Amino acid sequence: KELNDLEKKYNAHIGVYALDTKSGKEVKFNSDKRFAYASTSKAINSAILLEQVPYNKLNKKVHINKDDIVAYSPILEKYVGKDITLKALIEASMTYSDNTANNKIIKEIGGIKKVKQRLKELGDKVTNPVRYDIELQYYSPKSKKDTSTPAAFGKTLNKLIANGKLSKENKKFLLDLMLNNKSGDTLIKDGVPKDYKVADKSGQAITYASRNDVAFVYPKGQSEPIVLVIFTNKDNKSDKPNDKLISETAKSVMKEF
């Protein structure tokens, strides 16, 4: 459970921010250090869009052409020359971490500039989106591009989703995708007590074993979630991450609640 110890064990860097939204209790570790957020940013973009389009209006369709397609888009590559609903874009983004879906969501919101405008409004002067996928995944310790600190990122997740302006239907739609997202099973989901519910979105940048998971964690018996942000990376560009590191970090942090 000592986070200093797990860093030793895994020869890795750990960034943690956790907020029990009922009590307001926080757990912090390297919470002001920058990390590539990678695909965990898809949760933020999806929520921003859901602030803008009511659930009954998610049936709106967007046209997809060959220029929209970027790598690791298992769902969207099938839509070239076809239309897709905003509902299906978000499902593709959240469940399959589809990059083309996330890019389209950012475009629908109005561009990177508009995401930045919303983050500043939520009081986040830290989270720094500069590029679209997949380029945002090329992390470099020397650059702040597409990085955030566990604390800044968690505060924004809390304001946007936990204590924010989404309707009951849009919040349920988005948290249900995160709850049912099986791609996040080896991460926070793996380290919390088995009777906990975990709604997560993972991330992995291409470099420095940048491996992350953010989630809304519900202790059995509590309906208010604990917002949990875990960002990790290692010293070498080509290092492979070990998901167990995130699992063990979550197990340790959750003992604090």
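Position 1 is the first residue in the sequence shown; the rest follow in order.
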Stretch exceeding the other in mean C-alpha B-factor - 46-54, 216-224
216-224
If you average the CA temperature factors over each stretch, which comes out higher, 199-207 or 55-63?
55-63
If I read the C-alpha B-factors straight from the PDB entry, which of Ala162, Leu187, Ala101, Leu175 is highest?
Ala162
According to the PDB entry, is the CA B factor of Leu89 in the bottom, middle or top third of its chain, that is, lowest, middle or highest?
lowest
Entry-reported C-alpha B-factor of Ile105 relative to its chain, by third, is lowest
Please place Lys9 in the lowest, middle or highest third of its chain by C-alpha B factor as given in the entry.
highest
Would you mind ranking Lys22 by its C-alpha B-factor against the rest of the chain and naming the third, lowest, middle or highest?
middle
If you rank the chain by CA B-factor, which third does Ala71 end up in: lowest, middle or highest?
highest
